[PDB]
Structures are given as C-alpha cells and as structure tokens.
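**Q** structure of the sequence below:
(chains A and B)
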Amino acid sequence: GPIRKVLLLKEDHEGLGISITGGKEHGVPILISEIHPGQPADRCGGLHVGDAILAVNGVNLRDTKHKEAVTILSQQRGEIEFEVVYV
Amino acid sequence: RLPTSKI
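**A** Residues are numbered from 1 along each chain as shown, chains lettered A, B, ... in the order given. Coordinates below:
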C-alpha cells in the first residue's frame, strides 16, 4: 500500500508498545508483529500488525539488522514520527 | 526462525 507518515506520543516511563520481527540479516524488513493493547503504538491509532517500519524520526531502517533496529527504536523519546507501509 | 523483540 501507500507509504504513510504516523505520529506517536509516549512518556519516558513506557516502551513503544510493539513487537518487531525481521531485519536485513534475514532478508526481511523490520515488521510489526504485535501491537500491545493500551500502549503508545495502540493509542496513536496509525500503526498496525504487518506494517514495515521504513524510518523513525528520519533514521532509515530499510537496511538495518534486527538488533540495530531495536537500539535505534528504543532510543527515541516523546513525539516520534514513523514512516511505514503495509504490504 | 525469525527473532522477535518487544520494544
């Protein structure tokens, strides 16, 4: 589908509220495999299971390994912009 | 087979 821009708001005491799978070393994008109920990704309304995360806060994720993506994603704080696409 | 991480 279309590439979309999505805003997520979170406080410092929370995680993002997602599970991810995939990564470059597996030949798979960074994919959302879970949205956890009531946590910031669920509350922002625009992120869904099956979405590929293309970038976060302008940091490209298309060619990142799994653990690289985890470090990058877990470093972001507050008002966070995602670039995602559902295939 | 693919890893999953909660974040």
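**Q** residue numbers of chain A in contact with chain B?
**A** A:15-16, A:18-23, A:26, A:28, A:33-34, A:36, A:66-67, A:70, A:73-74 (C-beta under 8 Å from any C-beta of the partner chain). (C-beta placed from N, C-alpha, C; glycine too.)
**Q** so which of the residues you listed sit within strands?
**A** Cross-referencing the residues of chain A next to chain B against strands under DSSP state E gives A:18, A:19, A:20, A:21, A:22, A:23, A:28, A:33, A:34.
**Q** quick one, helices of chain A?
**A** Secondary structure of chain A (DSSP state H): helices located at A:40-44, A:66-75.
**Q** need the winner for burial among the ones you listed.
**A** helix A:40-44 (a mean of 18; mean count of other C-beta atoms under 10 Å in any protein chain shown).
**Q** any idea how far it is from the chain center?
**A** In terms of C-alpha atoms, centre = their mean, to the nearest Å, the centre of helix A:40-44 is found 11 Å from the chain centre.
**Q** stretch A:33-48 now?
**A** On C-alpha atoms, centre = their mean, the centre of stretch A:33-48 falls 10 Å from that of its chain.
**Q** does residue A:21 really touch residue A:49, like I thought?
**A** No: between residue A:21 and residue A:49 there is no contact under C-beta atoms under 8 Å: 10.5 Å.
**Q** so which of these two has more stuff around it?
**A** residue A:21 (18 against 12; other C-beta atoms under 10 Å in any protein chain shown).
**Q** ok, back up a step: joint contacts of residue A:21 and residue A:49?
**A** Common contacts of residue A:21 and residue A:49 (C-beta atoms under 8 Å, 6 or more residues apart in numbering or on different chains): residue A:33.
**Q** dead centre of chain A: give me the residue that sits there.
**A** residue A:53 (4.9 Å; C-alpha atoms, centre = their mean).
**Q** residue contacts, residue A:79?
**A** Counted by C-beta under 8 Å, 6+ apart, residue A:79 has contacts A:7, A:8, A:9.
**Q** next, format these as a markdown table and append neighbour count.
**A** Below are the contacts of residue A:79 laid out as a markdown table (neighbours: other C-beta atoms under 10 Å in any protein chain shown):
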| residue | neighbour count |
| --- | --- |
| A:7 | 11 |
| A:8 | 22 |
| A:9 | 10 |
